[PDB]
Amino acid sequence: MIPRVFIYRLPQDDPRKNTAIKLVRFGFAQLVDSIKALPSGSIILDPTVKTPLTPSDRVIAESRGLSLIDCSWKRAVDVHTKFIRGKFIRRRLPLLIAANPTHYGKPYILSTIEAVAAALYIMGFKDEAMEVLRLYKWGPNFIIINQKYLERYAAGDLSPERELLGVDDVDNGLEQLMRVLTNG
């Protein structure tokens, strides 16, 4: 049974190409009208923090829910750093490769729907993750190209990250991947 997913969306991009709108349209998640309306004590996905999501976070997702902010990647750092404090259990995703047509093959920077599916998979909701990904023709391939990493991540093993990113200093590497989008 899929955990309850809640999304606050910054209405910036055109919604016909936004993956969060599609999640909501099919009932995998529900939109809320503000960040304050997101459930307190829930897991919130947050690419700006250094603490990776682990399988044991499942217990929180089941009981409080899973929250996300949908915005442009150009605004993502500013939004997450300035508007969510204390209210949530903030977790980045472990390092994964994007499968969407825009950023295919590139690390860490995922679409909202890929992030939701990754979170679900890691927390043991593999069937739900696939149901979500099947909303796009390229969706299931996200698990395929990340299969070896996801298997370790779902088993609580984060050792793939340094080899995949190719740096010991993962923190700096992640900060730079996002800096590229912030400044471009």
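Note that residue numbering follows the sequence shown and begins at 1.
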query	finding
Per the entry, higher mean C-alpha B factor between 137-145 and 151-159	151-159
Given 164-172 and 17-25, the range whose Cα B-factors average higher in the PDB entry	17-25
Member of 46, 33, 57, 131 with the greatest C-alpha B factor (per the PDB record)	33
CA B-factor placement of residue 38, once the chain's modelled residues are sorted into thirds	middle
Residue 92 - which third its CA temperature factor falls in, relative to the rest of the chain	lowest
CA B-factor ranking of residue 108, expressed as a third of its chain	lowest
Record-listed C-alpha B factor of residue 76: chain third	middle
CA B-factor ranking of residue 84, expressed as a third of its chain	highest
